[PDB]
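Presented as structure tokens, the chain that follows is alone, the form deposited in one PDB entry.
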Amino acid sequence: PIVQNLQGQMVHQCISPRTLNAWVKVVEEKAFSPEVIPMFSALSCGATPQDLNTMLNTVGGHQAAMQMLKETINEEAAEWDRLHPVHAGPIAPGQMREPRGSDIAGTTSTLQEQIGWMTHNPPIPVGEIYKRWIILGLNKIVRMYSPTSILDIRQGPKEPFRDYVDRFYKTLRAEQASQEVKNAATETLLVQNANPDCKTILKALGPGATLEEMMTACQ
């Protein structure tokens, strides 16, 4: 990653063993549960494209997902190249060349180049641009791997309402519902998919009930 030293410089630092192991272990333990993605983002704080590639290449399983992710990266790289074409001439001696999409993805750029871009005044933030592409790809993977439609999350007859709500919102998160839909669902599908005893209570409450008020009402 790129860090600041005591002279007030952003400098390169090697990726740590603790970071490397943390990422490998959360993929092994959680696969593509939605919470793996904010974990990835946080573990890759300050990452260069080289570091992001390291993290993704250290994953042993899930090679269908990794191939899909490469396809998404290649799509975003091709859109970058449409928006930001580069000169096809020799580099000005000593000077900084403009990144192509494959330079952002770290496949055609060196670490030294990446450091040069990221520590330019002002930064050409290749690590943050690449991370955005990766996260777009990982969100597609999370949705693909989501096992259950929200339509199929219904409260059991003896299931605590809290347990059902947990299953409902875990499914909405994996299915990639917007925050707008999550906030709105409280007055609609959440009640519909409730068991008859709870449904009666929630129907009786009237409109505008907070989730807290619905959860208190059904115990």
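Superpose the two forms; the largest set of C-alphas matching within 1.5 Å is the rigid core. Shifts are known only where both forms have a C-alpha. In case it trips you up, residue 1 is the first one in the sequence shown, and so on.
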{"item": "Residue 58 not built in a third or more of the other entries", "value": "no"}
{"item": "Other entries omitting residue 180, at least a third", "value": "yes"}
{"item": "Greater mean Cα temperature factor according to the PDB record, 92-100 or 69-77", "value": "92-100"}
{"item": "Mean C-alpha temperature factor, higher of 54-62 and 154-162", "value": "154-162"}
{"item": "Top Cα B factor in the deposited entry, candidates 185, 47, 39, 174", "value": "185"}
{"item": "Identity of residue with top Cα B-factor, from 18, 203, 12, 25", "value": "203"}
{"item": "Position of residue 127 among the chain's modelled residues by C-alpha B-factor, lowest, middle or highest third", "value": "lowest"}
{"item": "Entry-reported Cα temperature factor of residue 194, expressed as the chain third it lands in", "value": "middle"}
{"item": "Ranked against its chain, the third holding the CA B-factor of residue 111", "value": "middle"}
{"item": "CA B-factor placement of residue 118, once the chain's modelled residues are sorted into thirds", "value": "middle"}
{"item": "Within-chain third of residue 181 by Cα B-factor, per the entry", "value": "highest"}
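What comes next is about the form deposited in another entry, which is not displayed.
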| item | value |
| --- | --- |
| Answer among 64, 26, 177, 45 for the CA shift between this form and the one not shown that reaches 2 Å or more, rigid core superposed | 177 |
| Threshold 2 Å Cα movement between this form and the one not shown at residue 187, rigid core reference | yes |
| Moved runs of 3+ residues, each with a C-alpha displacement of 2 angstroms or more between this form and the one not shown on the rigid core | 177-187 |
